[PDB]
Structures are given as structure tokens and as C-alpha cells.
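entry00.pdb, holding PDB, C-alpha atoms:
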ATOM      1  CA  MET A   1     -13.486 -27.475  27.438
ATOM      2  CA  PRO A   2     -14.667 -23.893  28.271
ATOM      3  CA  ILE A   3     -14.598 -21.222  25.571
ATOM      4  CA  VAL A   4     -12.907 -18.246  27.214
ATOM      5  CA  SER A   5     -14.724 -14.932  26.891
ATOM      6  CA  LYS A   6     -11.604 -12.820  27.404
ATOM      7  CA  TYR A   7     -12.659 -10.229  24.832
ATOM      8  CA  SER A   8     -15.794  -8.454  23.628
ATOM      9  CA  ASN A   9     -17.575 -10.532  20.970
ATOM     10  CA  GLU A  10     -18.467  -7.410  18.976
ATOM     11  CA  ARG A  11     -14.780  -6.525  18.757
ATOM     12  CA  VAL A  12     -13.920 -10.131  17.872
ATOM     13  CA  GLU A  13     -16.363 -10.341  14.959
ATOM     14  CA  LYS A  14     -15.478  -6.796  13.896
ATOM     15  CA  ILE A  15     -11.807  -7.717  13.499
ATOM     16  CA  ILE A  16     -12.905 -10.737  11.460
ATOM     17  CA  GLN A  17     -14.920  -8.386   9.262
ATOM     18  CA  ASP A  18     -12.116  -5.835   8.854
ATOM     19  CA  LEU A  19      -9.833  -8.676   7.755
ATOM     20  CA  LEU A  20     -12.476  -9.758   5.243
ATOM     21  CA  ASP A  21     -12.636  -6.136   4.099
ATOM     22  CA  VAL A  22      -8.945  -6.335   3.196
ATOM     23  CA  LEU A  23      -9.605  -9.507   1.226
ATOM     24  CA  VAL A  24     -12.570  -7.978  -0.626
ATOM     25  CA  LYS A  25     -10.682  -4.714  -1.250
ATOM     26  CA  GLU A  26      -8.281  -6.759  -3.352
ATOM     27  CA  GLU A  27     -10.989  -9.279  -4.301
ATOM     28  CA  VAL A  28      -8.490 -12.027  -3.494
ATOM     29  CA  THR A  29      -9.021 -15.586  -4.691
ATOM     30  CA  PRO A  30      -9.636 -18.494  -2.241
ATOM     31  CA  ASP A  31      -6.128 -19.817  -2.949
ATOM     32  CA  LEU A  32      -4.617 -16.377  -2.386
ATOM     33  CA  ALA A  33      -6.641 -15.740   0.761
ATOM     34  CA  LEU A  34      -5.596 -19.050   2.318
ATOM     35  CA  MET A  35      -1.948 -18.389   1.462
ATOM     36  CA  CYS A  36      -1.986 -14.856   2.881
ATOM     37  CA  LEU A  37      -3.961 -15.835   5.987
ATOM     38  CA  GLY A  38      -1.778 -18.891   6.548
ATOM     39  CA  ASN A  39       1.347 -16.747   6.751
ATOM     40  CA  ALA A  40      -0.429 -14.294   9.049
ATOM     41  CA  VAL A  41      -1.446 -17.136  11.361
ATOM     42  CA  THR A  42       2.070 -18.593  11.351
ATOM     43  CA  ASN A  43       3.540 -15.172  12.214
ATOM     44  CA  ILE A  44       1.337 -14.985  15.312
ATOM     45  CA  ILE A  45       2.050 -18.597  16.293
ATOM     46  CA  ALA A  46       5.779 -17.880  16.038
ATOM     47  CA  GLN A  47       5.248 -15.210  18.695
ATOM     48  CA  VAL A  48       3.787 -17.875  20.963
ATOM     49  CA  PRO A  49       6.246 -19.809  23.211
ATOM     50  CA  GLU A  50       7.357 -23.138  21.713
ATOM     51  CA  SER A  51       6.009 -25.110  24.690
ATOM     52  CA  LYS A  52       2.502 -24.374  23.413
ATOM     53  CA  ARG A  53       3.439 -23.316  19.872
ATOM     54  CA  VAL A  54       2.760 -26.774  18.459
ATOM     55  CA  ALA A  55      -0.386 -27.038  20.568
ATOM     56  CA  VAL A  56      -1.933 -23.741  19.454
ATOM     57  CA  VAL A  57      -1.450 -24.473  15.740
ATOM     58  CA  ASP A  58      -2.824 -28.001  16.114
ATOM     59  CA  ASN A  59      -5.863 -26.788  18.046
ATOM     60  CA  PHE A  60      -6.245 -24.089  15.395
ATOM     61  CA  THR A  61      -6.157 -26.614  12.574
ATOM     62  CA  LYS A  62      -8.385 -29.039  14.497
ATOM     63  CA  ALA A  63     -11.048 -26.418  15.270
ATOM     64  CA  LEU A  64     -10.804 -25.104  11.712
ATOM     65  CA  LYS A  65     -11.912 -28.478  10.372
ATOM     66  CA  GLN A  66     -14.698 -28.586  12.963
ATOM     67  CA  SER A  67     -16.215 -25.273  11.849
ATOM     68  CA  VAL A  68     -15.950 -26.071   8.130
ATOM     69  CA  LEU A  69     -17.854 -29.349   8.503
ATOM     70  CA  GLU A  70     -20.631 -27.687  10.527
ATOM     71  CA  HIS A  71     -21.850 -25.523   7.637
ATOM     72  CA  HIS A  72     -24.303 -28.110   6.301
ATOM     73  CA  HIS A  73     -24.891 -29.628   9.748
ATOM     74  CA  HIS A  74     -28.689 -29.458   9.579
ATOM     75  CA  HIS A  75     -29.224 -27.329   6.494
ATOM     76  CA  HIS A  76     -29.594 -28.203   2.830
TER      77      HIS A  76
ATOM     78  CA  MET B   1      -7.068 -21.504 -17.714
ATOM     79  CA  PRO B   2      -3.646 -19.971 -18.588
ATOM     80  CA  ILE B   3      -3.021 -19.250 -14.914
ATOM     81  CA  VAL B   4      -0.078 -20.485 -12.872
ATOM     82  CA  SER B   5      -0.413 -17.859 -10.147
ATOM     83  CA  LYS B   6      -2.180 -14.807 -11.647
ATOM     84  CA  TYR B   7      -1.416 -12.645  -8.611
ATOM     85  CA  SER B   8       2.032 -11.181  -8.043
ATOM     86  CA  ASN B   9       4.056 -12.235  -4.982
ATOM     87  CA  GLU B  10       4.625  -8.541  -4.344
ATOM     88  CA  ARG B  11       0.875  -8.122  -3.937
ATOM     89  CA  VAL B  12       0.672 -11.331  -1.888
ATOM     90  CA  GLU B  13       3.173  -9.967   0.633
ATOM     91  CA  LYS B  14       1.448  -6.575   0.558
ATOM     92  CA  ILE B  15      -1.882  -8.232   1.388
ATOM     93  CA  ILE B  16      -0.264 -10.120   4.271
ATOM     94  CA  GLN B  17       1.280  -6.813   5.332
ATOM     95  CA  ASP B  18      -2.105  -5.069   5.341
ATOM     96  CA  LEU B  19      -3.606  -7.970   7.295
ATOM     97  CA  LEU B  20      -0.829  -7.502   9.846
ATOM     98  CA  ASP B  21      -1.556  -3.760   9.950
ATOM     99  CA  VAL B  22      -5.155  -4.650  10.776
ATOM    100  CA  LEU B  23      -4.130  -6.947  13.627
ATOM    101  CA  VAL B  24      -1.587  -4.448  14.963
ATOM    102  CA  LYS B  25      -3.987  -1.488  14.988
ATOM    103  CA  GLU B  26      -6.448  -3.629  16.953
ATOM    104  CA  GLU B  27      -3.664  -4.693  19.321
ATOM    105  CA  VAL B  28      -4.695  -8.330  19.059
ATOM    106  CA  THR B  29      -3.481 -11.085  21.348
ATOM    107  CA  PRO B  30      -2.512 -14.641  20.255
ATOM    108  CA  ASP B  31      -5.891 -15.824  21.568
ATOM    109  CA  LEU B  32      -7.784 -13.121  19.710
ATOM    110  CA  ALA B  33      -5.711 -13.346  16.532
ATOM    111  CA  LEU B  34      -6.190 -17.089  16.062
ATOM    112  CA  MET B  35      -9.878 -16.858  16.983
ATOM    113  CA  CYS B  36     -10.554 -14.084  14.458
ATOM    114  CA  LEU B  37      -8.350 -15.573  11.730
ATOM    115  CA  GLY B  38      -9.973 -18.973  12.186
ATOM    116  CA  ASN B  39     -13.424 -17.612  11.391
ATOM    117  CA  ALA B  40     -12.013 -15.584   8.510
ATOM    118  CA  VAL B  41     -10.367 -18.668   7.000
ATOM    119  CA  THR B  42     -13.532 -20.706   7.568
ATOM    120  CA  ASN B  43     -15.533 -18.153   5.554
ATOM    121  CA  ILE B  44     -12.938 -18.344   2.770
ATOM    122  CA  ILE B  45     -13.122 -22.145   2.732
ATOM    123  CA  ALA B  46     -16.901 -21.703   2.709
ATOM    124  CA  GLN B  47     -16.449 -20.192  -0.752
ATOM    125  CA  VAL B  48     -14.728 -23.378  -1.888
ATOM    126  CA  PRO B  49     -16.922 -26.164  -3.379
ATOM    127  CA  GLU B  50     -17.483 -29.178  -1.093
ATOM    128  CA  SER B  51     -15.992 -31.297  -3.895
ATOM    129  CA  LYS B  52     -12.576 -29.913  -2.868
ATOM    130  CA  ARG B  53     -13.415 -28.150   0.399
ATOM    131  CA  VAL B  54     -11.983 -30.865   2.637
ATOM    132  CA  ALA B  55      -8.895 -31.059   0.443
ATOM    133  CA  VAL B  56      -8.096 -27.347   0.638
ATOM    134  CA  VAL B  57      -8.673 -27.125   4.403
ATOM    135  CA  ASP B  58      -6.484 -30.184   4.996
ATOM    136  CA  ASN B  59      -3.616 -28.801   2.922
ATOM    137  CA  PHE B  60      -4.089 -25.452   4.665
ATOM    138  CA  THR B  61      -3.865 -27.022   8.097
ATOM    139  CA  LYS B  62      -1.014 -29.273   6.946
ATOM    140  CA  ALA B  63       0.955 -26.284   5.617
ATOM    141  CA  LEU B  64       0.300 -24.407   8.866
ATOM    142  CA  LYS B  65       1.881 -27.030  11.113
ATOM    143  CA  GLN B  66       4.701 -27.392   8.573
ATOM    144  CA  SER B  67       5.441 -23.667   8.700
ATOM    145  CA  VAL B  68       5.245 -23.581  12.498
ATOM    146  CA  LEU B  69       7.900 -26.288  12.835
ATOM    147  CA  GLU B  70       9.978 -24.998   9.912
ATOM    148  CA  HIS B  71      10.045 -21.367  10.983
ATOM    149  CA  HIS B  72      12.362 -21.334  13.990
ATOM    150  CA  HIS B  73      15.052 -19.370  12.225
ATOM    151  CA  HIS B  74      14.253 -17.101   9.265
ATOM    152  CA  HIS B  75      15.175 -19.560   6.491
ATOM    153  CA  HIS B  76      18.215 -17.920   5.002
TER     154      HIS B  76
END

Let me see the structure of the file written as C-alpha cells.
Amino acid sequence: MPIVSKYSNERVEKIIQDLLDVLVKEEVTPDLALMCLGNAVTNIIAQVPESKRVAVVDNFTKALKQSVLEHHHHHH
Amino acid sequence: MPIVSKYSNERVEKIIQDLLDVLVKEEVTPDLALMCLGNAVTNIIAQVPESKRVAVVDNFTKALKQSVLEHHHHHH
């Protein structure tokens, strides 16, 4: 329900950017990016206790679909 | 196109490695990692045509939950 503000947003978006930098440094393809990122995500989720391990990945995948569909929400 | 993969698995792993190096040098938490990676993936899927955008994100998310449940032990 509430989006936790545990960390500085600047830092959050910066890390996102630095990750994108890696992807643009190699000029990776969409397929490649998804495959590399997917393994990175899974690695982190494996470090999360099993009790919530299935929950965190599901919420991840759920929210992922939410953000993708909101790109043409009220734009052309 | 005469492409079955194009990119070498060696490079694929190396990219994942570098992505990990990014996350490690930032000392990211599970919360932060998923939050940053989610936006990164979303931007990648935003480069994918809407004609297949829902397909790629669904297979991505599908493969994620597969990997999470599959990867308890290494594999071999």
C-alpha cells in the first residue's frame, strides 16, 4: 500500500542510470539486456529468505507489468 | 537475419558480472536492488515495440519466477 522511502531517490535513480550505462557501454540488445538483468534479479531474490522469496519475485513481476503498461497511459 | 544468438555467452556472463559489480559497489539492499532493476528493465522493455512488448515482459516475468523456484541448489 505505502511506497517505502527507505533510500534517497537521487541514489536510487543514479543506480538505475549506472546500470543502464553498463548496458549502453556494450550496446546490448533488448533480448540480451532482459537475459542479463533477469539473472541479476534472480541472484538478489535468491539472497532473500524463501518465506518471502516467492512473494518478492511475484510483486516484482506484477509491478513490472504495471509500469510497462503506463507508458502510453495518457500520451500518444 | 542469420542470427541465433549473436552475442557470446562469455560476454553475457561478463555483463551480468559487471552489473553485479555495480550493485555491490553501491552496497544495494534487496529492496533497492529490485526497485532499481525494475525501472531498468522497464526502460529496456520500453525499447521493444508494443506489437511484442507484452509478450517479452510476460516471458521475462515468467522466466523470473521459474528461476526463483528452480534455483534452490546450484543446478549441477

Superposing chain A on chain B using every C-alpha atom, matched in order, leaves an RMSD of 3.4 Å

Residues matched by the PyMOL selection byres ((chain A and resi 17) around 12), written as a VMD selection string
(chain A and resid 10 to 16 18 to 25) or (chain B and resid 19 22 to 23 36 to 37 39 to 41 43)

Once the PyMOL selection byres ((chain A and resi 56) around 12) has been applied to the shown file, what residues remain in the selection, as a VMD selection string?
(chain A and resid 41 to 42 44 to 55 57 to 64) or (chain B and resid 30 to 31 33 to 35 38 61 64 to 65 68)

Rounded to one decimal, what separation in Å do you get between CA of residue 29 (chain B) and CA of residue 6 (chain A)?
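A separation of 10.3 Å between them.
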
As an exercise, work out the distance from CA of residue 8 (chain A) to CA of residue 73 (chain A) in Å and give it to one decimal place.
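Those two atoms sit 26.9 Å apart.
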
Centre and edges of the region 25-37 of chain B box, axis-aligned, 4 Å extra per side, as AutoDock Vina command-line options:
--center_x -6.5 --center_y -9.3 --center_z 16.6 --size_x 16.0 --size_y 23.6 --size_z 17.8

Can you work out the spacing between CA of residue 26 (chain B) and CA of residue 26 (chain A) in Å, to one decimal?
20.6 Å
